[PDB]
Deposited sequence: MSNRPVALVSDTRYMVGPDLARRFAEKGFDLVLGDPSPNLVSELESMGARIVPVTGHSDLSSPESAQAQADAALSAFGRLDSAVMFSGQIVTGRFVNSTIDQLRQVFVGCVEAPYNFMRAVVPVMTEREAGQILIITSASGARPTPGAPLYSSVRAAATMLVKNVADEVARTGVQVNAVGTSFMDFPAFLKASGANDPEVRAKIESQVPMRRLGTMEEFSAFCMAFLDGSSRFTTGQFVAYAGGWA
């Protein structure tokens, strides 16, 4: 229905959200954005993108929230080519001081949210036989993370979920990938934050959005089921 490709940025209030939208607009995408600010909307429109804001669902807490975002792309543009989300709030503390309630808390943010996003977006894309999905996550799930054992465990489920979804839809030509970043390990999202990461360097939000475009901008279609640790 729409000649221009359509990208869904699930949340544009925080972290790399605004910069993803900027990169998408630079590459000729129209946009469905979770709770964008008025100045962000005007800025993207000055870059030539048509913007459809979706308000009130950027936390992706329910199956309905993700479906509302996917439905907004279909109603406005009739297509959904790219979709990206980030989620999850770190909880720290030794395993022997932890509680089952904390485990459920991180499971909700780290697993239920990517699950809901992909459950809504993947069927839209498989029917069109094209699509790129990026799940932005932590790298804590790749290996034991001292001080965040519960968080590391559920992040591992999220990455394996992405790999399972990708394997199931690989024949469709839909791509599903995950990128892990230290941006997701700090509740804010700089001196104190950098001191927690090994090399003491995060890079810029703009650089992060540029890297993410390798999995979202339509320039190549054969990477799927990958987890990449960024920076």
Checklist outcome for this item: Coverage holes, deposited numbering, ordered by position, sit at 190-200, 243-246
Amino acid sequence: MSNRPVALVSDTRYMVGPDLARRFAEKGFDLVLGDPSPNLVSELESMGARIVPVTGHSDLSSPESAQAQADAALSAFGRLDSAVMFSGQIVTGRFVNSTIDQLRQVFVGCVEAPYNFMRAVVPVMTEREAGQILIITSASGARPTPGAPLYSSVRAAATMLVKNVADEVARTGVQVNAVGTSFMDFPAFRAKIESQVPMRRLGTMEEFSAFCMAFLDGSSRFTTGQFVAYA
From here on, numbers count along this sequence of modelled residues.
Checklist outcome for this item: Between 1-9 and 221-229, the record assigns the higher mean Cα B factor to 1-9
Next on the checklist: So, looking at the entry's B-factor column for Cα atoms, which has the higher mean, 56-64 or 171-179?
Outcome noted: 56-64
Next on the checklist: Per the entry's Cα B factor values, which of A130, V121, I135, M160 stands out as the maximum?
Outcome noted: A130
Next on the checklist: Checking the record values for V165, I193, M184, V32, which has the greatest CA B factor?
Outcome noted: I193
Checklist outcome for this item: Among the modelled residues of its chain, the C-alpha B-factor of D101 falls in the third labelled middle
Item to check | Third assignment of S87 from its chain's C-alpha B-factors | outcome: lowest
Checklist entry - Ranked by Cα temperature factor within the chain, is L74 in the lowest third, the middle third or the highest third? => result highest
Checklist outcome for this item: On the chain's distribution of Cα B-factors, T126 falls within the third called highest
